[PDB]
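6 protein chains.
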Amino acid sequence: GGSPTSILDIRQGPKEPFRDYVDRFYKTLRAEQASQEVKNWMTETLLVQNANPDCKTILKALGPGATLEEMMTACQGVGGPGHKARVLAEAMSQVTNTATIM
Amino acid sequence: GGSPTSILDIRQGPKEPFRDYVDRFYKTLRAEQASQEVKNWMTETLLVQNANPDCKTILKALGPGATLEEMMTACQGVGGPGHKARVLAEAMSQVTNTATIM
Amino acid sequence: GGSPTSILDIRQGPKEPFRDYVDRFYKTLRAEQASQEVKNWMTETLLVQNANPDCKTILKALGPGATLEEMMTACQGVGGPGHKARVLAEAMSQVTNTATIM
Amino acid sequence: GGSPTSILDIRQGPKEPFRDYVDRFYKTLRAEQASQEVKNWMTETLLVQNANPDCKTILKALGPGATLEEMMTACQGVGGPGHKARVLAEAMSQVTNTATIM
Amino acid sequence: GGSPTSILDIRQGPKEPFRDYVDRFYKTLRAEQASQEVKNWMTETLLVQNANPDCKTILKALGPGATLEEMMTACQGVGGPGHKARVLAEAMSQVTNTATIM
Amino acid sequence: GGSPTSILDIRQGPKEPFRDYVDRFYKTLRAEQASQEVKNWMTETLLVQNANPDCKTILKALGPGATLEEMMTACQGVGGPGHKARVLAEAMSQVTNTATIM
Ligand SMILES: O=P(O)(O)O[C@H]1[C@H](OP(=O)(O)O)[C@@H](OP(=O)(O)O)[C@H](OP(=O)(O)O)[C@@H](OP(=O)(O)O)[C@H]1OP(=O)(O)O
Ligand SMILES: CC(C)(C)c1ccc([C@@H](Cn2cccc(C(F)(F)F)c2=O)NC2Cc3ccccc3C2)cc1
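Residue numbers (the authors' numbering), protein chains in the order written: chain H, 144 to 245; chain I, 144 to 245; chain J, 144 to 245; chain K, 144 to 245; chain L, 144 to 245; chain G, 144 to 245.
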């Protein structure tokens with residue numbers, strides 16, 4: 144309880160990129176004595192959960208566990224104005240154009 | 144009054160995701176020398192009251208004080224990018240289609 | 144007048160949680176010499192008048208001086224997506240659906 | 144002459160609150176050796192023209208002559224999630240309902 | 144390339160007021176051994192190019208050849224909520240009232 | 144491989160201006176022992192790929208290979224309010240007016 148660097152608290156800021164935070168999930172796992180597959184609940188899940196919902200709305204479409212070159216190119220969409228370029232419109236199309244409910 | 148790290152002032156930074164804040168509610172409790180049940184208002188309900196309403200509006204849907212993993216996945220959208228990806232659009236259609244008041 | 148933080152101007156950040164600013168307000172209440180009832184204007188009404196329009200606007204809805212526990216909950220909306228979810232939902236439909244003037 | 148901050152341009156930030164920058168120019172008039180009365184037209188006029196379009200827009204609305212406590216009271220409307228929260232209902236409604244031009 | 148503070152890489156933060164940054168541009172211009180006219184490229188067009196698109200768009204409206212106090216006056220609008228109130232609203236009116244395309 | 148700051152991972156902060164990050168990519172290119180022609184592929188492509196999608200959507204529009212002055216001028220639009228001033232008008236019109244899908 145209250146244990147840091149175990150990924151149980153690693154976190155990507157709203158404006159913090161997936162790539163940069165990945166270093167926080169990799170590097171903070173360096174501090175953690177684990178197995179490579181063990182780290183996979185992270186690389187795949189806490190990397191997808193605590194990491195900037197842009198990554199959720201992204202890794203949910205792109206998919207999770209996408210290679211570091213894929214989740215990179217994609218989660219590079221993550222970002223304050225960086226995602227506003229793409230996500231801004233998406234929510235705007237989630238309501239009116241593409242995902243308009245009823 | 145003004146006692147720190149007792150959960151009474153632990154709060155979800157409105158931008159701090161539900162996790163960043165839960166963690167704070169957890170680890171800082173290590174410092175708070177309390178009873179396990181006492182920590183239960185602190186985990187269930189503080190985590191539901193002074194926790195940035197983004198996680199509250201969710202937490203209710205999830206059920207208040209639901210398991211941390213459960214409130215975590217749902218409230219991971221709490222934090223910036225999620226509530227902006229999703230809730231911007233949700234409330235928007237609450238106003239127009241789903242929740243049109245009168 | 145203008146003595147350091149006499150309450151007369153204590154400030155809540157546009158995003159600073161009410162509980163937090165309240166920490167500054169209380170902290171500076173200590174700095175100024177006021178009877179408790181005298182501090183009551185300082186708590187009940189200043190807190191409403193000069194504390195981040197996120198709370199002050201609400202504080203009009205709860206009425207000036209709603210018990211700090213009620214107001215704590217009201218002003219717990221203060222925040223980015225936590226506040227803006229509500230403010231967006233209310234303002235967006237005020238203009239179009241709920242309060243469309245003329 | 145016109146050395147920095149003599150009430151030449153004492154500028155207010157965008158989110159920097161009115162009481163924060165008002166505290167600065169008062170302090171900066173101290174930086175300027177002028178008549179007490181001189182400082183009066185400096186605090187009433189120059190302050191208003193060069194300070195935060197949020198409080199500059201308010202300052203016009205209150206209209207000059209508003210005692211500082213009254214200025215800051217209206218300018219307490221200033222702020223990102225703070226003024227924006229009031230600007231959603233205030234300005235987002237100018238384009239559509241209140242200030243619909245032609 | 145990447146020459147320190149040669150104006151070419153001097154920049155205005157997206158939020159940085161026009162002036163705060165101009166203090167930088169100028170402050171280093173004094174350091175860049177240049178002719179007055181040369182400094183005038185830095186003031187007329189670079190000043191614009193490397194300066195916060197809130198205002199970069201403005202300085203065109205103002206158009207080059209305007210006094211620094213002229214651009215500054217128009218650029219007190221520069222700012223997050225400072226500029227959003229006038230310009231976000233302008234954008235709000237760019238979709239609905241005045242700049243409605245097609 | 145994937146040595147730090149070898150350009151393979153150089154990145155632009157979402158808010159980090161294009162010009163700023165470009166200084167991180169160029170400077171770090173100095174750290175990268177690469178043929179100039181190689182560096183060119185890094186300046187043309189990699190600069191485009193990991194440099195803040197604000198620019199990615201811009202550089203794509205301008206066309207890859209645009210001169211740094213050309214990428215810069217447009218990417219000076221990169222930024223929070225700075226890119227938002229344009230992008231908000233754009234994405235908003237991508238859903239409703241110009242890019243309305245179906
Ligand atoms: O994206 P950045 O340049 O890093 O800064 C952003 C941006 O603030 P600006 O108005 O200065 O551009 C957000 O503004 P929005 O476009 O989302 O309105 C703001 O949002 P809020 O005013 O709603 O708080 C957000 O904060 P957040 O991520 O908490 O939503 C804040 O980021 P930082 O606080 O991390 O600097
Ligand atoms: C209500 C609030 C929380 C403050 C909010 C809401 C929506 C957004 C983004 C979209 N959006 C959606 C998901 C993720 C991103 C992220 F940044 F994380 F990448 C993103 O940009 N659009 C608005 C931003 C803004 C500011 C003032 C004027 C207009 C707009 C449009 C940003 C913040």
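Every residue gets a Cβ at the ideal spot worked out from N, C-alpha and C, and that includes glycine.
Residue i (DSSP reduced to helix, strand or coil)
i, result
"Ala242 (chain J)", "coil"
"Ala194 (chain G)", "strand"
"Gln237 (chain J)", "helix"
"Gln179 (chain K)", "helix"
Residues from the region 224 to 244 of chain K in contact with chain J, defined by Cβ distance under 8 Å: Among the residues of the region 224 to 244 of chain K, those with a Cβ less than 8 Å away from any Cβ of chain J are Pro224, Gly225, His226, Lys227, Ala228, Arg229, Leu231, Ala232, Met235, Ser236, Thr239, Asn240, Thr241, in the order of the chain.
Check each residue of the region 163 to 185 of chain J: if its Cβ is closer than 9 Å to any Cβ of chain K, include it; give the result in chain order. Answer set for the region 163 to 185 of chain J: empty.
Quick one: any contact between the region 161 to 173 of chain G and the region 228 to 238 of chain G, if contact means 3 or more CB pairs under 8 Å? Short answer: they don't touch.
For the region 189 to 203 of chain H, which residues have a CB atom closer than 7 Å to at least one CB atom of chain I, in sequence order? So the close ones are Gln192, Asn193, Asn195, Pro196, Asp197, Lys199, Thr200.
Count Cβ pairs between the region 182 to 201 of chain G and the region 225 to 233 of chain K that sit closer than 8 Å; are there 3 or more? Contact fails: fewer than three Cβ-Cβ distances are below 8 Å.
Count the CB pairs spanning the region 174 to 182 of chain K and the region 146 to 154 of chain K that are closer than 8 Å, and state whether there are at least three. Counting Cβ pairs under 8 Å, three or more are found: they touch.
Please list the residues of the region 203 to 220 of chain H that have a C-beta atom closer than 7 Å to any C-beta atom in chain G, keeping them in chain order. Taken in chain order, the members of the region 203 to 220 of chain H whose beta-carbon sits within less than 7 Å of a beta-carbon on chain G are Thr216, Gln219, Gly220.
Give, in chain order, every residue of the region 146 to 158 of chain I whose Cβ lies closer than 8 Å to some Cβ of chain H. Answer set for the region 146 to 158 of chain I: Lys158.
Could you tell me whether the region 197 to 208 of chain H touches the region 200 to 220 of chain G, using the rule of 3 or more Cβ pairs below 8 Å? Touching, no.
Counting Cβ pairs, one atom from each stretch, are 3 or more of them under 8 Å apart for the region 212 to 219 of chain I and the region 157 to 169 of chain I? Segments in contact, yes.
At which residue ranges does the region 203 to 236 of chain G contain complete alpha helix (DSSP H) runs of 4 or more residues, listed in the order of the chain? If only complete runs of 4 or more residues are kept, the region 203 to 236 of chain G shows the alpha helix (DSSP H) at 211 to 218, in order along the chain.
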